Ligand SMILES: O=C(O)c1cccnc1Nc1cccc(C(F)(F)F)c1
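First comes one chain, alone, set out as structure tokens in the form solved without the named molecule.
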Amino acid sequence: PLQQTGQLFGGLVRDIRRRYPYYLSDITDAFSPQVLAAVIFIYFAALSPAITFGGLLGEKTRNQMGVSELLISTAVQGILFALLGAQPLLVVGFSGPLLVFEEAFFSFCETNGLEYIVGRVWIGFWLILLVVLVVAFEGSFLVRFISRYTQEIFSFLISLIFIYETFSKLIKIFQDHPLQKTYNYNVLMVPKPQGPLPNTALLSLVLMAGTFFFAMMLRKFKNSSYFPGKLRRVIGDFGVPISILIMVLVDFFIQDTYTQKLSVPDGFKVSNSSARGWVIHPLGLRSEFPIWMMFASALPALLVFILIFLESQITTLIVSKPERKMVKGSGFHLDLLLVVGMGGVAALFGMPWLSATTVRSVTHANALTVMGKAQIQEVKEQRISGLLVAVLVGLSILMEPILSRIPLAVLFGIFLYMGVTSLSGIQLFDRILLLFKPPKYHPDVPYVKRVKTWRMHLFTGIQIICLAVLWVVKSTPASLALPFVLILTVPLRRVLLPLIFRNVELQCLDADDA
């Protein structure tokens, strides 16, 4: 799949030929309760980031790109990707790096007196050209140089960021509504409460903790000996939806305390009608777009392409591992072409360009994974779950009566569950756990029996240093340099690490398969 055929668009045609013969099975394998449970789970997992990032985007760009734009982008691009993608289990949506770039480019346009929504159009043009060139010459073969080292550093960092951000949201709730002796019990609640409210922070904490606990307990019950096997598996596959329902009902019967609920736009409208309309004129809206910027849009285009390419391709590598028991194949070239070209086209309508996100895609793949009776029997690979998730995200503006009843703390508990369950299957996390167990309890794995304990710990420590560096870079005003700092783990593995470790240790600690 990552070989170079020497022909123009050879990898793309190979991906299409390999995956499209499976289309009827991609439709029919969706007929299972597990697929429906995964649809509900991933629908919440995909809607909540869209709303959060759309709110932040509207705040940071003055509603030139807001919540409705991101919802429409996610829905349409997810539908097209589920219909035409070589790896239908990838979930394409907004991410933190994309928001950071949008902020930086909006700042640049404001400083230089340019229209931000037209500079985005030209960035999209350049993204289309660049991805077409990369797929013509099969540049996705470079993905073969990203080994388990980089894949697992990236996955662990993303999971840690997920968990940290949900906890920071909870801490923010506690900061807005601190526990006080007295309150101004007639606080105004529009648009959001203007002052501290009693019981709000503790109730949010309780709701998050209860959702997390019920999800984890139903996960345990799925793999337990209780109840008939089929009913047990069905109930445990609906574990996350059941926990969400339980906690939403708990919140529904407490009418006196305030908790923040999901908010969606009132309709399918642009966030700022005065700023721009549905279709962006590339030559400008209220002023002529400069030619020098028409050409200089190639560097922001290169940065955006690097971000999207790295994120999506590492996600594809993670979900397509041989251990996970995927058998229908994955197309790096086709998926890259689809995602980047769709983002470039969406820039022409003012919508965000998206990326195959790591935690969401891994959660989607795990929700479709069938556990054999501590082993992975198979994965329900099909195009219906992602299609239905994208359709539901595109219909969320019409689902206000239901979504307005769902607290954000329940979804925080679900996000904590996603973050913790995404750590499974990552050998870096296993080796981090081994740092605390005595050597006599270390598992029977090649890197435990073939590598001395202190050398394996040193390997894990170098990886932890890489993680710390990445976290610091992400926390600084140089956050946009993260993709390059992560790319630096490839030369670190292929050049620096051989100077420390021996070949046998490096093959044991960085094996292609487990």
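Residue numbers here begin at 1 and follow the sequence given. We call the rigid core whatever largest set of C-alpha positions still superposes within 1.5 Å between the two forms.
Using the rigid core as the fitting frame, the root mean square C-alpha deviation in 8 other deposited structures of this protein is greater for 185-193 than for the other of 435-443 and 185-193. Where coordinates are absent for parts of the deposited sequence, a chain break appears; between neighbours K373 and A374 it spans 4 to 9 residues.
Although not depicted, the form deposited with the named molecule bound is the subject of the following passage.
The three residues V134, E138 and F332 each lack any heavy atom within 4.5 Å of the named molecule in the deposited complex.
Of the stretches 376-384, 316-324, 363-371, 303-311, only 303-311 has residues with a heavy atom within 4.5 Å of the named molecule in the deposited complex. Among heavy atoms of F81, none comes within 4.5 Å of the named molecule in the deposited complex. Shown alone here, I158 lies within 4.5 Å of the named molecule in the deposited complex, counting heavy atoms only. Heavy atoms of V35 never reach within 4.5 Å of the named molecule in the deposited complex, leaving it off the interface. At the 4.5 Å threshold, heavy atoms of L486 reach the named molecule in the deposited complex. Note on contacts: among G419, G96, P265, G425, the single residue with a heavy atom within 4.5 Å of the named molecule in the deposited complex is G96.
Contact residues in stretch 453-474 (any heavy atom within 4.5 Å of the named molecule, taken in the deposited complex) are limited to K474.
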